[PDB]
Amino acid sequence: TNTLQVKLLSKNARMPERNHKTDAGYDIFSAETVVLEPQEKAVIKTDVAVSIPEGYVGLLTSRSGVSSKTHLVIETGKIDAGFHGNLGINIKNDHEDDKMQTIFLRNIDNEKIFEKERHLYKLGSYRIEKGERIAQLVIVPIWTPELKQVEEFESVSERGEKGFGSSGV
Amino acid sequence: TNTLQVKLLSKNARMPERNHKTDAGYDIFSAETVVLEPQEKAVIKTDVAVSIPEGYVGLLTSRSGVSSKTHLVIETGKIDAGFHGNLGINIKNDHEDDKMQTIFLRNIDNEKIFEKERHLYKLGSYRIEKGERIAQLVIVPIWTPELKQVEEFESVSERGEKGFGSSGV
Amino acid sequence: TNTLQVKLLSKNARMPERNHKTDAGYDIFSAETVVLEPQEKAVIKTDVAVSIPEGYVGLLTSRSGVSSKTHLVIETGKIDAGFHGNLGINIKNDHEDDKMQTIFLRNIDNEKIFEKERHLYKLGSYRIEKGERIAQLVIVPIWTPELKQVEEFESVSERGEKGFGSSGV
Ligand SMILES: O=c1ccn([C@H]2C[C@H](O)[C@@H](COP(=O)(O)NP(=O)(O)OP(=O)(O)O)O2)c(=O)[nH]1
Ligand SMILES: O=c1ccn([C@H]2C[C@H](O)[C@@H](COP(=O)(O)NP(=O)(O)OP(=O)(O)O)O2)c(=O)[nH]1
Ligand SMILES: O=c1ccn([C@H]2C[C@H](O)[C@@H](COP(=O)(O)NP(=O)(O)OP(=O)(O)O)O2)c(=O)[nH]1
Ligand SMILES: [Mg+2]
Ligand SMILES: [Mg+2]
Ligand SMILES: [Mg+2]
Ligand code: NI
Ligand code: NI
Ligand code: NI
Ligand code: NI
């Protein structure tokens, strides 16, 4: 089967979309408008549910555009096969709280939003509007075998136990 | 073969466990109790070694529960095939050091731990107990081809060189 | 085909290299020498272009050595199939700006670099030299199906809607 079951949970939800024909992931739309202060953490609702078949995992991960330009950090979520719940974007405004005020909010383009109302926000605060693409869903196959406890492994590897920068830099 | 060789390195080690029948990763137990101050970095030992077969990679990655609730950031580790060493959780308490004291430590549920002894900890400090699931192991297949230097690619793509938010937002 | 098309864009570019025979990723060399202050963000050029075939994604991701030892955080980039552009390492010096001076820069080994010239740098500043391996490219297969809007999914899963630490910890 070359089909994925996607369910829209609300009117605020929008169906994921792939950018180019040969692209890896389906861009994820935010279902809610959230303002994030420096160091603030949140799980942004997408109101989108998927039925990933067995033997596959969905990687709910950040986009290079938003991530490189803004301080919004998204933890790559491992969407289990059969997770029929509301996909949540595990997010954090990783900007430092230097404790000085500003009068502008910052959009996902790192640009200061222009508004007629006068407000005092914390510096580094971001606004994410409903319907904006802040994430993407890359679905990769997995290998889930039966685990086996052993005293020692049947063969020696060229790597051995070497890791964490054992080679040069 | 539908079997993975797992070796326990100590009595503090516990064998990885999959939550649901169709889930993606095997939950990783911590083999040591560590207290992490704000901004502090560590590599937490699991005392668990795996023999991943050739053509596959293990993704030693964070769990959504711990990551969304706490300031503990785990870098997704790429466990090479044949790495027979001690799996280390590349971790950081990404909480800001605002330089004010507290009398409670915070567990992996972001709750303040109750204890009879009186101590002064830094605000944002986390305690990770031995035997607690803070990570998971998702094993995905890989494609390792022979690299080839070319003057130019044989075909043009619809994407071209476009990237880093070349589409909208 | 067991071949990947790699193009070098400049004399500063170096072709990716795999550490061990059975390793997952090809180590990525930096094409430029960059000094990163605390909290500073950048996209480091590699001057290396790849032609990943359809049905695969490249994961431009951090190395365990550099990541665990330094404050340099690299966001795992999802290199689309047919992205013929300059691979950019989405990086950030996630070290806290505590606003105190130092006279040494810090290399990717977290060691203070010795130099005859006297300068005042910010504490937590890192220097990344041209030709140093700070990243790696792990290529995994993907599953890009045709999406389908449904009122409800055809079957019930044992997981259901449970997530974000629904099991224990
Ligand atoms: O979080 C991690 C990451 C890696 N590892 C192990 C698995 C892997 O085989 C090894 C190093 O992986 P990488 O090649 O990705 N990092 P690095 O290039 O720094 O190590 P080396 O120089 O030995 O390849 O360390 C962990 O135990 N935990
Ligand atoms: O770290 C990275 C991430 C991506 N890239 C490249 C590869 C990919 O094909 C392209 C953008 O990938 P994404 O679609 O995941 N991010 P975004 O949606 O912001 O870019 P676009 O809008 O062009 O799709 O940039 C890098 O060179 N380095
Ligand atoms: O960013 C995310 C991450 C996960 N999820 C969903 C998908 C997955 O099936 C579920 C939890 O995934 P994990 O098993 O990796 N984390 P955790 O172990 O904390 O949840 P549980 O205890 O329920 O397994 O939550 C999201 O919606 N967004
Ligand atoms: Mg995109
Ligand atoms: Mg789990
Ligand atoms: Mg390496
Ligand atoms: Ni800034
Ligand atoms: Ni930070
Ligand atoms: Ni807090
Ligand atoms: Ni330090």
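X-ray crystallography is the method the PDB entry lists for this structure, together with a resolution of 3.20 Å.

Undergrad: Can you help me understand the overall build of chain A in this one?
TA: From N to C terminus, chain A includes one helix and 15 strands. Relative to the globule expectation of 15 Å for 169 residues, the C-alpha radius of gyration of chain A, 20 Å, shows a markedly less compact shape. Expressed along its principal axes, the backbone C-alpha trace of chain A runs to roughly 70 × 45 × 30 Å. The long-range fraction of contacts in chain A, counting pairs at least 24 apart against all pairs at least 6 apart in sequence, stands at 67%.

Undergrad: In this structure, what is going on with the interface of chain C and chain A? I would like to understand it.
TA: As a measure of interface size, the accessible area lost when the parts come together is often cited. Contacts between the two partners involve 50 residues from chain C and, on the opposite side, 51 residues from chain A. Going through the elements one at a time, β5 (41-45), α1 (64-69), β10 (88-93), β14 (133-141) and β15 (146-149) of chain C are the ones with two or more residues in the side of chain C that touches chain A. Residue contributions to the side of chain C that touches chain A peak at five residues, all from α1 of chain C. The residue inventory of the side of chain C that touches chain A, partitioned by class, reads 14 nonpolar, 13 polar and 23 charged.

Undergrad: Honestly, the packing of aromatic side chains in this entry has me stumped. Any pointers?
TA: Tallying each qualifying case throughout the model produces three aromatic pairs over all chains. Between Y56 of chain A and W143 of chain C, the aromatic rings sit 5.0 Å apart at their centres with planes inclined by 35°, giving tilted as the arrangement. Linking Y56 of chain A in strand β7 (residues 56-62) with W143 of chain C in the loop between β14 and β15, this pair reaches from one chain into another.

Undergrad: Help me understand the sheet that holds strand β2 (residues 17-18) of chain A, please; the structure alone is not making it clear to me.
TA: For sheets, the rule is that strands pair by backbone hydrogen bonds, running either parallel or antiparallel. All names here are of chain A. Strand order in the open sheet formed by five strands is β2-β3-β14-β7-β9, and the pairing between neighbours is antiparallel. Strands with a single pairing partner mark the edges of an open sheet, and in this sheet they are β2 and β9 (77-79). Pairing between strand β3 (residues 26-29) and strand β14 (residues 133-141): four bridges, direction antiparallel. Considered in β14, the bridge of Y26 is made with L137.

Undergrad: How should I be thinking about the environment of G58 of chain B in this particular structure?
TA: All names here are of chain B. Inspection of the secondary structure puts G58 in strand β7 (residues 56-62). A C-alpha to C-alpha distance of 9.7 Å links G58 and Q136, two positions 78 residues apart in sequence. Excluding anything up to four places from it in sequence, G58 contacts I52, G77, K78, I79, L137, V138 and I139.

Undergrad: Please explain the site of ligand 2 as it appears in this structure.
TA: Neighbouring ligand 2 are 21 residues; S64 and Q136 of chain A, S166 and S167 of chain B together with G88 of chain C lie closest to it. More than one chain lines the surroundings of ligand 2; the residues nearby belong to chains A, B and C. Take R159 of chain B: an N or O atom from its side chain is 2.8 Å from an oxygen atom of ligand 2. One of the side-chain nitrogen or oxygen atoms of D80 of chain C is found 2.8 Å away from an oxygen atom of ligand 2. If ligand 2 stood free it would expose 590 Å²; the protein chains cover 98% of that surface. At the level of secondary structure, the elements contributing two or more residues to the shell around ligand 2 comprise α1 (64-69) of chain A together with β9 (77-79) and β10 of chain C. The leading source of residues in the shell around ligand 2 is β9 of chain C, at three residues. Classifying every residue of the shell around ligand 2 by side-chain character gives five nonpolar, twelve polar and four charged.

Rules used in this analysis
- Residues numbered from 1 in each chain as written, not as in the entry; some residues may be left out.
- Chains lettered and ligands numbered in written order.
- Heavy atoms only, no water.
- Residues with missing side-chain atoms left out of burial classes, pairs and counts.
- Helix = DSSP H or I, 4+ residues; strand = E, 2+ residues; numbered from the N terminus.
- Rg over C-alpha atoms; globule rule 2.2 N^0.38 Å.
- Contact = heavy atoms within 4.5 Å.
- Nonpolar A, V, L, I, M, F, W, Y, C, P; charged D, E, K, R; others polar.
- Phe/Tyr/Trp six-rings, centres within 6.5 Å; stacked < 30°, edge-to-face > 60°.
- Pairing = 2+ DSSP bridges.
- Near = heavy atom within 4 Å.
- Polar contact = N/O pair within 3.5 Å; in protein donor to acceptor, adjacent residues only side chain to side chain.
- Areas by Shrake-Rupley, 256 points an atom, 1.4 Å probe, with all protein chains shown as cover.

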